[PDB]
Amino acid sequence: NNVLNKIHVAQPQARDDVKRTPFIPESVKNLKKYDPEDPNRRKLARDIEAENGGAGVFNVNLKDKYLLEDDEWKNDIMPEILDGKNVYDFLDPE
Amino acid sequence: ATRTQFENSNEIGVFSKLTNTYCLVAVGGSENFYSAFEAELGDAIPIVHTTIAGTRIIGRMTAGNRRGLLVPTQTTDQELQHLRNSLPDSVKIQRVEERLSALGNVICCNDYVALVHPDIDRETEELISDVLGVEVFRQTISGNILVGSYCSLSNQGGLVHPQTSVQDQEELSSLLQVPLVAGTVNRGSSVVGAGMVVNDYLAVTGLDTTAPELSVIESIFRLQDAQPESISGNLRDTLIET
Amino acid sequence: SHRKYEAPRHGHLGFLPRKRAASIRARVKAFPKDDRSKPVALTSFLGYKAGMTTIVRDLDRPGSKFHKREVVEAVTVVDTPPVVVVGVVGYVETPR
Amino acid sequence: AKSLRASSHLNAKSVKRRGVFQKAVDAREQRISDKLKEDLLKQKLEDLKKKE
Amino acid sequence: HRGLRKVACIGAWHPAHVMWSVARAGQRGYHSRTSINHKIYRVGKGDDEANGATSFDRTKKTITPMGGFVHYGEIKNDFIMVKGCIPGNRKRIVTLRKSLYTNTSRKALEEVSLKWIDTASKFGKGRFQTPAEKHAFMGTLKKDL
Amino acid sequence: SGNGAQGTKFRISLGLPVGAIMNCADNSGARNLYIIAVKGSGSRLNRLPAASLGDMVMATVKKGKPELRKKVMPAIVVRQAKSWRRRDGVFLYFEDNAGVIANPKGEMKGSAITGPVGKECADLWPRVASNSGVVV
Amino acid sequence: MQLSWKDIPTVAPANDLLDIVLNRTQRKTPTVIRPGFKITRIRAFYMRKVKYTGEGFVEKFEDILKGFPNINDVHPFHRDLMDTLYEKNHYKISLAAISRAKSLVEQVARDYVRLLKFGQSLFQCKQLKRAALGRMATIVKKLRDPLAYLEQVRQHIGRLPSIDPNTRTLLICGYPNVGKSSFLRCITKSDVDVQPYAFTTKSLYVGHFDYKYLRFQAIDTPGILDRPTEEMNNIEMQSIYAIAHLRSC
RNA sequence: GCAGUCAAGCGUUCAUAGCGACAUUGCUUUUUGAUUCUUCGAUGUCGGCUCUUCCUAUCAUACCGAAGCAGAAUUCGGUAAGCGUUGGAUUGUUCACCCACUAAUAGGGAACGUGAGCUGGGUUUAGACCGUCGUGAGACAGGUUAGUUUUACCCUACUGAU
RNA sequence: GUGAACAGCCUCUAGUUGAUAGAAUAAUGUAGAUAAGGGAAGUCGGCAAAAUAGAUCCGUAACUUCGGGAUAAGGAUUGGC
Ligand SMILES: [Mg+2]
C-alpha cells in the first residue's frame, strides 16, 4: 500500500464545463533541436563567454538583450534621484 | 527531461523559475546554467538573468504563470524595472506586499488553478486571482504547510511528495484537475517543488535524479509527443522495486 | 619550560623603532624605476587630506557574489591644488 | 596553500604582466601625457593676454 | 598589586638583559607609513560646478558638505577621491606615488561608476544633502518672515 | 564554509559565542538550543568560538523532546539580534536568536520555519530557503 | 565494510614494523638527560618511553584488526570467496596471532612501568628501559610469518569486484572457450579478455547494463569441469558458490 | 634474557685450546580478530596567569623519493624550524584521560624560564577535632579545617625624549 | 523640613574658613562609574560587582520538639490635582 502510493495516479472527476488545455507558443514547435557536434548551430553564450576570457573574468552586459521601441537608447542611464524624493515614485503614464 | 546542475547543487526550482512563456535564472559566477536553458528553450521565450532583493534564490521568492509574475516587497525598484524591460507586454508584473515574503513556497499554480498557504491574506488572494487570471484554493498537502515547496504543477499533470496519503491525492486532484503521483527527486528528497522546474513541454531537474525518477517525471507531465501517461502502468516494473 | 600554549607575537618587528618621525612631511623612499621610451611623466604629487565621505557604487565585478549589485563604502577626499615647478636636481651614480 | 613568494605563482604572474595588464598601463601613460601637453598650451595662452 | 595595564613577565634569569622585543611602553603615533594599492574613484575640478553630481543624481552640488568639512575649509580646488583610509589626519600633507610595479589582479582594472555621493554634514547627524533640501523639508521659520 | 554550504560566507558580526541559549524555530519538537562549538572557526589563545548568522554549529537540546535531548547535532542560525551590516547602506538586527537543527549534509529536519529567516542565511543554505515561509 | 574492501591502510614486514615504531619514539620523546638531574625527572623520563612505545605497537595493531573484514558474519557468499581463495584456516590463524601479540605489548608495558618506579639511579632505570624495548621487539620478530601473509592478501581483496547479492544479477556459465567472454563484451562496458583459449579469466568478472530503467549486473565464470564433482581447483570452485548463493538468472 | 643449531672472524707457527657477529630455533597464561569492564602502592616540593626568544629529533602547509599506489583516500622516507599548533569538563596538581572544533591540535631548553610581576590554591610555625601508637608529656611529612606576602628615587639593561 | 526615626540630605542660633600653593591634563596608579551581543565559557573557588530592598493587599512548601519554618517562595500597586 506504500508502493501503491507511488503507483495509484489520481483522476480529476472533471468538475466543470470549462475546458483547460496546455499552451505551447508556436515558436517552440517551429524550433529545431539543438545539436552538440555541428558546423552550424547557435552560439549559446557560454561560447560567447569563451572567446574573451574564462568563466570568472567575463563581463556580461545585462542590457543589450531586451525590448524597447528604439535601440539607440538601449544603453541610457536611469537618473533614480533628484534633490529629494527619488524619481521612481513620480513617473507614470500621463 | 534534462538533467542540469546549478553550481554544485541539485536544487533547481530554488535557483530558477520556469513558466510556459518565460524563464528566470540567477546571475552567479558564470554562464553554464544559463546555457542549458538555451539548449532546450531556444530563442522562442525570453530567459532573464535577474536578482530578487539582491539575492540568488529567485525561484522561491517569485511566483507566477504565463500570464503574470509576482515579486515580493523587498524587490528593489531597479530590479522591478529590469524585469519589465526584458519581458513583453503580455505578462503582467506587479509587486505584492504581505506579511510573508517568499511567494514560491506559498503559491503553487498552473496556468489555470492556484493553491495558497492558509495564513495568506484575502487582500492578496484577490490580487492573485486578478493578476494571474486563475482560481485560488486554500489547502494543505498532507498537513504540510508550504504548498509550493512540496508540490510541482503544470497544465499536463502534478507531482507531490511521498508523504501524501492516497485519500489526500483523490481529494486534491479534483481541485487541480490534473493527475497526481507521489514521487521523489534527486535520490529521495522530499522537497519535490524545489528540486525541479516543469512547464507543459519541458522538465529540468538535478543530476542526482535517478533514471527510475525520470521515468515518473516523464510520464506524468507527458513529455514525449505520443505519451497519454498510461505508460506508467508499463513503467510499473520500475516502481515496485524503486 | 616550553610556553605550554603557542601564540603569535604581539606587534610587528618590521616597524622598529616606534619613534617620532623627523618632519610632518614624510620623504619618499623609493620611486618607480624608469621606462625609458615613454613620454616624460611626473611620478608623484602632493596634497592636503580633508575628511571622509560615503559612496555607493554599482559593483561591476565578475565572479563575485556582489556582481551587478550596489555597494556602499567609505572614501577619503584629498584637497589637491596645482603645484608649480621651481628647480631641477641631477644625481650622479657613485660606488657610495 | 602556496605562499606569496613561491616560484610557481611568481612565474605565473610574470606572464600576465606580459599580456593584458601592461597594455592598460601603456594606454594610461599615453592619455595622461596628452593632457600634460595641453597643460602648457592653456598656460601659454594666458601669457599671450599680458603680451597684449 | 602594582597595576594591570602592563606586561607581567619581562624576561628570564638568562640572558640577564631585557630583550629588544618585549613590548615596553612609549610613543604611539606620529610615525611615517606607506599604505599601497589605493584606488582613485574621481578626479574632480575646482572650476567645474556640480562635482558631487553623478550621472545618476543630477543635483547641482559640490562635494563640500553642509557647513564644510569638520576642522577644514572648502574643496574649491581640484581633488582626488580615493577609497579606504589614507594614513594621517585632516589638514596634513600626503604624497601620492604611482603603484611602483604593474598590478596584476582584476581589482586594479575595473572601471567604477559612482551612483551617489554623500554630502550631508559631518558636524553632527547629517540628514540633508544641500541647504535647499533643509529649507524645503523644514518649511518656513519665524526668522524667515 | 565547508560541506553543504554553497558559495562563500561574507563577513558579518560575531553575535553568538560558546554557551549561548537560542530559540528553536522549526517544528522539530525542541524548544531551545545550546551552542557548544562553531564549525569553520579559528584557533587563537583564549578566544571563544563565536557563531554568526548562517553558520552550522553543534547544539544540544536543553528543553524539548527527550528523544532530541542528550545528543549533539548540528544547527543553523537563522536570527541573530546583534546588529550586522548589509552591503547596501543599512545596519539591521532581528528581535532574538534562533536556530534550526540539521544533518551534516545541510538538510532541514522539520517542515516549517516560523518567523523571518535572514537574507544572508537564505542565499547560503538552499534547503533552509525551501522551508522558509518568511524571508527577511 | 560490505560490497567492497579497499580501506585497509597497509601492513609492514616485521623487520620494518619494528623500525617504524622504535625510530618514532626516538624522534618524538626527548633524549637528553644527565645523572645530575633529580631522580623523579629520571624516572618519568623512562616511564614515558615504555608507555608511548607500548601504545605505538597497539595503535598499529588496532588498525589491522578493525580493517580486516571479520570473515565470520558478513554474508554466506563473501565468506566463501575468501574460503576458496584465501584459505580460512591460514586467514584466521595469522589475524589471531596479532591479537595475541597486541595483548602482550600491553602486558609488558603495564608491568615494567610498575617496576620502573622503584629505580634508584640512572643505571637501574636505563636497564629497565632497554629490557622493555627489547621484549617488545621479541614479540614482533615472532610475528614475521603472519605479516608476510597479510600483505599479499591485502592486495587482491582490494581488487575484488563489487557484487551485491541482494540486487538483481544474472550468471553466465558454461565450458572454457565457449564465447561467454565475447557475450559479456558486447552486452556491457567492461574489459574482459576474449582470447581464444581455455582459462582466460581467473576471477569473477562483472559487467553492468540497463533494462527498463534498472541496473543489471552480469557476472561471468572462468568456466568449469565436473570431473569428480568433489575436489577441484581454486579457480573453478569460485563458480559453484557464485551459482549457489546468488539468487538470480 | 636463557636453552639450543650454526660459523663470517680470532687464538705467538694452529680449526677441533677459548671466545664467537650477522643469523637461526624454541617459553614467559588461550595459532581461529572469542575475549580480557587487572588503572596490583614512584616517600628530595611546583602550577598557572602574563610575555618574549631559541633547538629539530617535523604534527600541519612547501617541493620531492619509494611502494607489494586505477582515481580518491592513505602508509614510508628526504630537504626544511620561514609560518602556525586551540576551546571546554573533574583535580591545588603537573601528569592522566574524555567531549568538540580544526590544516594540525609536534617534542623539548632558557636556575625542571618566569615572587621588589601576580596569585596563596598547595607546601612550611602557633589554635583545634578524628583514627592509630604511647602509662604520660606528646609523636604520625595518616585525614580535615583557620592562618602578616615588605622596599626601587640609585647604576645598568630596555622602550621613548633633548 | 522630608521620614517609622536622635537614619541620610538641606537649613536657623552658635562657630570655623585652618590642612604648602601656582600652571598644564602623558603613561601607570589609588578612589568612583557606564558599556553593544552572549551570561561564569573566567577562576583554587561567582572573589568582586550587578540584581533585590520602604510600604499596603493577595499568597505561602518540605519538615517540626507544634512554639517555629516566614519577609519562605511568588504576584498585583505607588505621582499630581
Ligand atoms: Mg578464452
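Conventions adopted
Residues numbered from 1 in each chain as written, not as in the entry; some residues may be left out. Chains lettered and ligands numbered in written order. Part of a larger assembly, values for the part shown. Heavy atoms only, no water. Residues with missing side-chain atoms left out of burial classes, pairs and counts. Helix = DSSP H or I, 4+ residues; strand = E, 2+ residues; numbered from the N terminus. Buried < 20%, exposed > 50% of the residue type's maximum accessible area, 1.4 Å probe, protein only. Near = heavy atom within 4 Å. Polar contact = N/O pair within 3.5 Å; in protein donor to acceptor, adjacent residues only side chain to side chain. Nonpolar A, V, L, I, M, F, W, Y, C, P; charged D, E, K, R; others polar. Axes fitted to C-alpha atoms, helices over the stretch in contact; angles between N-to-C directions. Parallel < 35°, antiparallel > 145°, perpendicular 65-115°, else oblique. Left-handed = near helix turned anticlockwise from the far one by under 90°. Contact = heavy atoms within 4.5 Å. Pairing = 2+ DSSP bridges. Donors = N, O, S within 2.8 Å, 3.2 Å for Na, K, Ca; no water. Patch = residues over 30% accessible without salt bridge, like charges linked within 9 Å, V, L, I, M, F, W, Y side chains within 5 Å. Areas by Shrake-Rupley, 256 points an atom, 1.4 Å probe, with all protein chains shown as cover. Salt bridge = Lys/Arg side-chain N within 4 Å of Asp/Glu carboxyl O. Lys, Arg positive; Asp, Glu negative; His and termini not counted. Charge placed at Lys NZ, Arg CZ, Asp CG, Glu CD. Buried area = accessible area lost by both parts, 1.4 Å probe.

Structure determination for this PDB entry was carried out by cryo-EM, with a resolution of 3.6 Å recorded in the header.

In this structure, the amide linkage connecting C:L16 to the following residue, C:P17, adopts the cis form with an omega of 0 degrees. As for its position among the elements, C:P17 is in the segment before β1 (44-59). E:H14 connects to E:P15 through a cis peptide bond whose omega is 0 degrees. Summarising the element assignment, E:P15 is placed in the segment before β1 (40-44). The residue G:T229 is not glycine, and still its phi comes out positive at about 65 degrees. For G:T229, the location among the structural elements is in the loop between β3 (215-220) and α8 (237-244). Residue classification places G:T229 among the exposed positions, given a relative accessible area of 57%.

Our next topic: the protein's contact with RNA strand I. Inspection of the region around RNA strand I gives 14 residues, with E:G3, E:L4, E:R5, F:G15 and F:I21 positioned closest. The protein-proximal atoms of RNA strand I, defined as those within 4 Å of the protein, are 84% sugar or phosphate. A distance of 2.8 Å separates a sugar or linking oxygen of RNA strand I from a polar backbone atom of F:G15. A distance of 3.3 Å is found between a phosphate oxygen of RNA strand I and a side-chain nitrogen or oxygen belonging to F:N97. For the surface near RNA strand I, the residue count by class is 7 nonpolar, 4 polar and 3 charged.

Moving on, we come to the packing of helix α2 (residues 39-67) of chain G against helix α4 (residues 88-116) of chain G. Pairs of packed helices are described in terms of their axes, by the angle between the two and the distance that separates them. Residue and element names in this part refer to chain G. At a closest axis distance of 9 Å, the pairing of α2 and α4 adopts a crossing angle of 165 degrees. By the angle between their directions, the pair α2 and α4 is classed as roughly antiparallel. The two elements α2 and α4 cross, and the hand of that crossing is left-handed. Taking contact as the criterion, the partners of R43, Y46, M47, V50, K51, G54, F57, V58, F61, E62, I64 and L65 in α2 are, on α4, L95, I98, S99, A101, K102, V105, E106, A109, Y112, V113 and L116. Of the residues in the contact of α2 with α4, the class split is 16 nonpolar, 2 polar and 5 charged.

Residue and element names in this part refer to chain F. With 3 bridges joining them, strand β1 (residues 21-24) and strand β2 (residues 32-38) adopt antiparallel strand pairing. Each residue of the ladder has a partner; that of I21, found in β2, is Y34. Judged from the 5 bridges that link them, β2 and strand β3 (residues 56-61) form a sheet pairing that is antiparallel. The partner of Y34 across the bridge, within β3, is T60.

Turning to the coordination of the magnesium ion, a few remarks are in order. Residues and elements named next belong to chain G. At this site the magnesium ion is bound by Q195 (O), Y197 (O) and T200 (OG1), with donor distances of 2.2 to 2.5 Å. Of note, the donors binding the magnesium ion are all from one chain and are spaced Q-x1-Y-x2-T. A residue is classified by how much of its surface remains accessible, and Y197, at 44% relative accessible area, is partly exposed.

Here D:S8 shows up in helix α1 (residues 7-18). Classification of D:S8 as partly exposed rests on a relative accessible area of 38%.

A few words on a negative patch on the surface. Residue and element names in this part refer to chain B. On the surface, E97, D121, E123, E126 and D130 cluster together into a patch of negative charge. With respect to the helices and strands, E126 occurs in helix α4 (residues 122-131). Residue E126 is classed as exposed on the basis of its relative accessible area, which comes to 57%.

Time to look at the packing of α4(G) against helix α5 (residues 122-141) of chain G. Residue and element names in this part refer to chain G. Contact geometry for α4 and α5: axes closest at 10 Å, N-to-C directions at 175 degrees. Judged by the angle between their axes, α4 and α5 are roughly antiparallel. Contact with α4, carried on its side by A101, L104, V105, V108, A109, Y112, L115 and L116, involves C125, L128, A131, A132, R135, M136 and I139 of α5 and no other residues of that element. For the contact of α4 with α5, the per-class residue count stands at 14 nonpolar, no polar and 1 charged.

Moving on, we come to the interface of chain E and chain C. If you look at the interface, chain E gives 46 residues, while chain C gives 46 residues. Considering only the surface of chain E that becomes buried against chain C, E:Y30, E:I93 and E:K115 emerge as the three largest contributors, covering 14% of it. The tally of links between chain E and chain C comes to 3 salt bridges. Across the pair C:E73 and E:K83 runs a salt bridge, and its minimum N-O distance is 3.9 Å.

Residues and elements named next belong to chain G. Pairing is mixed in the open sheet, where 3 strands are placed in the order β1-β3-β2. Each edge of the open sheet is held by one strand with a lone partner, namely β1 (169-172) and β2 (206-210). Taking the axes of each pair of neighbouring strands and ignoring which way they run, one obtains an average angle of 25 degrees across the sheet. One ladder, built from 5 bridges, connects β2 with β3; its direction is antiparallel. Bridging from a neighbouring strand, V206 pairs with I219 of β3. The sheet strands contacting helix α7 (residues 180-187) are β1, β2 and β3, and the helix crosses β3 at an angle near 160 degrees.

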